[PDB]
Each structure stands twice: as structure tokens, then as C-alpha cells.
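The chain that follows stands alone, in the form deposited in one PDB entry, written as C-alpha cells.
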């Protein structure tokens, strides 16, 4: 009854940040030692809990959120952070309890001539609430006149493509990010550690 962290991290395909994928972990024992002892991660930062004590605690609901972002945007995946990705794609709460893991994926998510499948949300009327997921593709009204569904003067498509290339700098190279959130609500603690 091992927790299926393999199919999240070792997955072949990753979702876009605006449509970040979410998996839930329940009714299993999680060996976190396999995670924090593997040095294949560029960033591994935990808030409200350390990687060690994770192996000695239990939680009711744990969520792995997987997506792909830019390198220089990995800083935005943190509590109390502002920026395009944080404000419009993925927002973490101030009281966040959990870990953020990010590793470079240039060899997997970059291609010659540009990989344009990954997209991020560029504009929104209001800031994104924590863990809120928005996949609407309506035209963003950027001023006085309405758009009626067309682009132009103060009328832009909210979603823009990344365009990852292998020869780009480390700040432009794609990074795969998994956010592990452990909540421990008033519920049975289905996940535990050895």
C-alpha cells in the first residue's frame, strides 16, 4: 500500500500551469525519504514542516499539484509571493503547510524551433485565490470599450504560450514543479509515514 508518488513525479507528460494537474493521496503509507534524499531536484523548499518529520507524521488529505513553468518563475511558487504566475495561475496561501519541489526539464519539455504547448494566463480581472484553478478562455477587457469576442484595442487573449527552446538560458528553460500540500483536517488520517 505504497503511496503512488511515482506516477506524479515520473510522469511522461505535465500539464500547463493555468490548468495545473491535481492528484490526491489517501489510504497509503508515504516514504518521503525517497523524495528528499534524491538530489535530482533544483529546488526543494518546505513550509510549516521539515522533510524529516514528514516521515513520522500523518495527515488526512495530501495533494500533489503538477505543472510546468519558467525557471525564473519558480520563485513565485511560495507563500506571500506576487507575479504573473502567482497572481493568475497558481497561488499559495500565507499559512501554506507543505513542500514545493522543482527540477529542470529542458531535455524533456524543450524542442528545437520552440515548444508552444505549455501556456500561462497573462491577464485577469482580480487576483487568484489560493488553490483556485481558472481555465476560462474569455477575452480579457483591458479598458473602456467592450470586446464582443474579438481582439485589438485593449482586448487581448488571456492565455499566452511559453515557447521553450533547448538553447535558451536557465531562466527560460522549462521546470517541472510538484507542490505537496498536507492539510490534516477533521477527518481520518489516511496517509502516514514508516
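Take the two forms, superpose them, and find the largest set of C-alpha atoms that agree within 1.5 Å; that set is the rigid core. Positions refer to the first chain, counted from 1.
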item	value
Mean Cα B-factor comparison, 66 to 74 or 28 to 36, giving the higher one as deposited	28 to 36
Which of 161 to 169 and 48 to 56 has higher mean CA B factor, as the PDB entry lists it	48 to 56
Among modelled residues of the same chain, the CA temperature factor third for residue 13	middle
For residue 23, the third of its chain into which the C-alpha B factor falls	middle
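Keep in mind that the form deposited in another entry is not shown, yet the notes after this line are about it.
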property	result
Shifted position (C-alpha, 2 Å or more, core held fixed) between the shown form and the other one, chosen from 49, 147, 28, 128	147
Core superposition between the shown form and the other one, C-alpha change of residue 170 at least 2 Å	no
